[PDB]
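Shown next, in structure tokens, is the structure this report addresses.
Protein chains: 2
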Amino acid sequence: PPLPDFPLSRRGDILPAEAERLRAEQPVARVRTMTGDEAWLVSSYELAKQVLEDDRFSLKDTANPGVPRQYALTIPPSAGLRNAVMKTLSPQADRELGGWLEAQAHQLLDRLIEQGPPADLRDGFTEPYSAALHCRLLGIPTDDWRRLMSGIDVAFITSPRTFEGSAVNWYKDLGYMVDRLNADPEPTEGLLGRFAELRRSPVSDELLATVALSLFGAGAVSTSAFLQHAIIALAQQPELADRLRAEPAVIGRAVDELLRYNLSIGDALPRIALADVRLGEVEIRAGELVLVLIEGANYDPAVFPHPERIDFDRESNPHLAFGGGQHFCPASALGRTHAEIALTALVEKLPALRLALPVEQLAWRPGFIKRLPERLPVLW
Amino acid sequence: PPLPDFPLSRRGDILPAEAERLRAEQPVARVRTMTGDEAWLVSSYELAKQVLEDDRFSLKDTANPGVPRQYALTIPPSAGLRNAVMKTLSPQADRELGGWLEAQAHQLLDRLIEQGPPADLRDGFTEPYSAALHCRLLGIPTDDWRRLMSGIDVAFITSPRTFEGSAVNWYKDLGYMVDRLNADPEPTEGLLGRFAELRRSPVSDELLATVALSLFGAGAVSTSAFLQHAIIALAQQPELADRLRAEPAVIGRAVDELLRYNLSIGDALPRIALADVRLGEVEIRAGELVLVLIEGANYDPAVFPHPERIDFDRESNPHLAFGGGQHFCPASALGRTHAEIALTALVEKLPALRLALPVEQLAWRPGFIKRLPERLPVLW
Ligand code: HEM
Ligand code: HEM
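Residue numbers (the working numbering), protein chains in the order written: chain R, 1 to 380; chain X, 381 to 760.
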């Protein structure tokens, strides 16, 4: 027979029809990835939760030489840092984050209002707003955000084969972090401040900058893409923005539901089976690639009635947008706060927010870890 | 039978196979445009030259209500201005243009060199370099170039139906031109300077700003897109950049050949037949839409041997990249100068210039008047 191909579709404004058929017909299915390797695509909520919470399936080992891949690695080839890192990802270790984020959002939003519609809400909000957040998370200035976000454009490319340029891109920004950490007025504030300190107590510079880089990349790309999907929802269903205006306190339940809904994840969560395991009806052999399809789990009608309709008042919403098990997103609280504040500012300041053209004419980015529109032109 | 669909393909790095079949099989062919109207696609050099030089085929009338369209108009609904305009499009009416352009190019190029590869040559060069040129052409500052280029992103969308937002976008930047022309230190220098003067001699503000807007839009979009295609050629055939380095004076013949080669034109030149005309073997009835396919003419082997191989030493190269007949590009000299200077700077400063990833993985913009890569990541 012919294997279904993976990934599924770049169009991000409706669930891929193929993700619905996979969950219904073959919740665990063999698929051919874009590298040509084969893999197991897990697309039901129960089975997807099982894999994520079972450490016999390993994320660490998906980067070993020789294993099957869904796309080439872009990164080339245990020390009490957890604290430096975990302290930075507690929105409760920076009391001022909330109000500072609100001021950044309104700053960007006010700039667009003076210029008048239309505006591209990716380059005007979401991109600078996600760079600014992560520049502050590290304690480095927002001056270079365009250059840092552009580095993300390359770092998160999904390519069938390794490509020159992902290595050059890695070492180029790695040098940038090194430079900020070793600047003369040694950095205070942020992970880079906690890092300059940690290297006086009684870990290398390369490895420090590595953690700074992957945290900036992983976060700016993920918050910006989700936030563009949230915007598309509010622009298309304006009754949702009315709800937010009338009942501002629902913003927590609403971001939670948009998280379940959103299709910003353009690949699958990868795991390498460390042992033979039985999963649903399929026998998975050690060394094989397993791919968790978050959108299949989060649209599974066994767990989420009317999964295709956004609903802020679900009795229960135990979605997998942040992963699960051991590798559950460490910054989940930070990601919620970031989106809650941005959307609250958006629906106050642009109350007639809508798309400037039919949603079907948005240009969706090919070949990227996230599904995102290249531009997000809106009116208000 | 089923009509071939138009436009042809967004991928811009090789000739669309369908454009070769149309020229060989049906040089004049009925096609269904993206609006659903039908039209005559003229794809041979002789026939395409005929249409362009025959004023019974009318560009003016392609904007009349009711006529067939290849895409909706984005603009909504004879006065001695020709001089103000023609004086601005003579690279010989600004002695300083050459050296100023060279300084802008090297400025942008030096900025990329200090940051190190990879760089996106669309956002780093071509876009700011084409905005700067056209900001100077009008005598307005380069401060807002990002906002002006973003307006181009919407103004030149090809949509099956009119969309809100193209009108708002038009009036929004129309106001910008009006504001620069009616600024307190009334503008000197450029079309806006020649305009503030022309309205003291013994034409309305709306109409003045209209000419400023369409000239900025038509030029920034066309020079930026061609220049990205020229870059892709030099990066892929590095023997061409060696030729330019060794024999700098060939830059005129080389831009001329890249012009013949380039696929930045994503639509066809539209004409409304004012009369019945016989064209090749086809009888065209008055009121019908005729579409000239520049890439078919410029790859026609009847006129250009080995049309698919870039060649700087063709005996003759009478291409149609700039149109022809009455509506031949008024700024053709300006467009050549602009590209010649940019490419000369590019191959001096980035001598190992190449694409950062396989050319087949470039993201090509959908639904736009130009074929262009969304990003152009390179190494050197
Ligand atoms: C709305 C925003 C975000 C969404 C939807 C999201 C989603 C996810 C998901 C699904 C995972 C699990 C991946 C797996 O199991 O393989 C993950 C992992 C991760 N999250 Fe992203 N994320 C967001 C924001 C952030 C932010 C703000 C940061 C950092 C600044 C961050 C840092 C990380 C890191 C480092 C991991 C890897 C954890 C590990 O290796 O165990 N996330 N997140
Ligand atoms: C490499 C750059 C350029 C290329 C390849 C190019 C190409 C063309 C073509 C093919 C036409 C004819 C369209 C038709 O017959 O319907 C045209 C028209 C036109 N060119 Fe663009 N162009 C370039 C640069 C520029 C620049 C720099 C400006 C202005 C700043 C400009 C202004 C115009 C205008 C106003 C028209 C319309 C003329 C009319 O209505 O008769 N061009 N050009």
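Beta carbons are placed, not taken as given, at the ideal position from N, Cα and C, and that holds for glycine.
Are the segment 287 to 301 of chain R and the segment 67 to 80 of chain R touching, with three or more C-beta to C-beta distances below 8 Å? yes
Candidates X/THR415, X/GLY416, X/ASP434 and X/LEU427: closest to X/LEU402 by CA position: X/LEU427
Indicate whether R/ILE369 and R/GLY266 have their beta-carbon atoms separated by less than 7 Å. yes
Is R/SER58 near ligand 1, with its Cβ less than 6 Å from a heavy atom? no
Going by DSSP in three states, X/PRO567 sits in which element: helix, strand or coil? In this structure, X/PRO567 counts as coil in the three-state DSSP scheme.
Does the beta carbon of R/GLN237 sit closer than 7 Å to a beta carbon anywhere in chain X? No, its Cβ sits nowhere closer than 7 Å to a Cβ of chain X.
Proximal residues, the segment 341 to 353 of chain R versus chain X, C-beta separation under 7 Å: none
Residue-chain proximity (R/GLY36, chain X), Cβ-Cβ < 7 Å: no
Measuring alpha carbon to alpha carbon, tell me which residue in R/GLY367, R/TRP380 and R/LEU350 is nearest R/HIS106. R/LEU350
Return the CA-CA distance between R/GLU283 and R/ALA29, expressed in angstroms with no decimal places. Note on geometry: alpha-carbon atoms of R/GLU283 and R/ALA29 lie some 11 Å from one another.
Below 7 Å between beta carbons: does that hold for R/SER44 and R/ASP300? yes
Listed by chain order, chain R residues near X/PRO498 by CB distance under 8 Å: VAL154, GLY165, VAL168, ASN169 and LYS172
For the segment 699 to 709 of chain X and the segment 638 to 656 of chain X, state whether three or more C-beta atom pairs, one from each stretch, are separated by less than 8 Å. Cβ pair count under 8 Å is three or more, so yes.
Relative to the alpha-carbon of X/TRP760, which residue among X/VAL431, X/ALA589, X/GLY545 and X/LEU489 has its alpha-carbon at the smallest distance? X/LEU489
Using the Cα positions of X/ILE537 and X/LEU587, report the straight-line distance between them to the nearest angstrom. Cα to Cα, X/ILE537 sits roughly 23 Å from X/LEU587.
Neighbour-count burial assignment, R/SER130, 16 or more Cβ in a 10 Å radius: Under the 10 Å beta carbon count, R/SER130 is surrounded by 16 or more other beta carbons and is classified as buried.
Among R/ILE232, R/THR223 and R/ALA84, nearest to R/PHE195 - alpha-carbon criterion: R/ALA84
Range of the contiguous beta strand (DSSP E) that encloses R/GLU283: Counting along the chain, the unbroken beta strand (DSSP E) around R/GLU283 starts and ends at 282 to 284.
Contact list for the segment 561 to 591 of chain X against chain B, Cβ threshold 9 Å: In the structure shown, chain B cannot be found, because the protein chains are R and X.
Counting beta carbon pairs with one atom in the segment 602 to 620 of chain X and one in the segment 501 to 509 of chain X, are three or more of them shorter than 8 Å? yes
Just confirm the distance between the C-beta atoms of R/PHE6 and R/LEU291, as a whole number of angstroms; I'd bet it's less than 8 Å. Going by Cβ atoms, the distance from R/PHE6 to R/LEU291 rounds to 7 Å, so yes, they are a contact pair.
Give the residues of chain R in contact with X/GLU754, contact being defined as C-beta atoms less than 8 Å apart. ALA363, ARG365 and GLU374
Over what stretch of residues does the alpha helix (DSSP H) that includes X/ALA711 continue unbroken? Run containing X/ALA711: none; DSSP gives neither H nor E here.
Are the CB atoms of X/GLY392 and X/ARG689 within a distance shorter than 7 Å? no
Return yes when the Cβ of R/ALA254 is within less than 7 Å of the Cβ of R/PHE328, no when it is not. no
Who are the Cβ neighbours of X/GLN406 in its own chain at under 6 Å, not counting the five residues just before and after it? Excluding positions up to five away in sequence, the list is empty.
Is X/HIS699 near ligand 2, with its Cβ less than 6 Å from a heavy atom? X/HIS699: no, Cβ never under 6 Å from ligand 2.
Cβ contact check for the segment 343 to 359 of chain R and the segment 70 to 80 of chain R: 3 or more pairs under 8 Å: no
Measuring alpha carbon to alpha carbon, tell me which of R/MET177, R/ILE14, R/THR62 and R/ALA297 ends up nearest R/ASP37. R/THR62
Roughly how far, in whole angstroms, is the beta-carbon of X/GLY479 from the beta-carbon of X/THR603, given that I think they are within contact range, below 8 Å? Wrong, their Cβ atoms sit about 18 Å apart, outside the cutoff.
Considering only residues of the same chain and omitting the five flanking positions on each side of X/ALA711, which have a CB-CB separation below 7 Å? Cβ neighbours of X/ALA711 beyond the five flanking positions: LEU469 and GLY599.
Cβ-heavy atom distance, R/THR210 to ligand 1, below 6 Å: In this structure, ligand 1 has no non-hydrogen atom nearer than 6 Å to the beta-carbon of R/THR210.
Which complete beta strand (DSSP E) runs does the segment 570 to 634 of chain X hold, if anything under 3 residues is left out? none
Say the cut is 6 Å; is the CB of X/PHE702 nearer than that to a heavy atom of ligand 2? yes
Find the residues of chain X that neighbour R/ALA286, judging by a C-beta separation of less than 8 Å, and give them in chain order. Within chain X, no residue comes near R/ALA286; the closest Cβ sits about 33 Å away, beyond 8 Å.
Beta-carbon proximity check, X/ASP636 vs X/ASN697, cutoff 7 Å: yes
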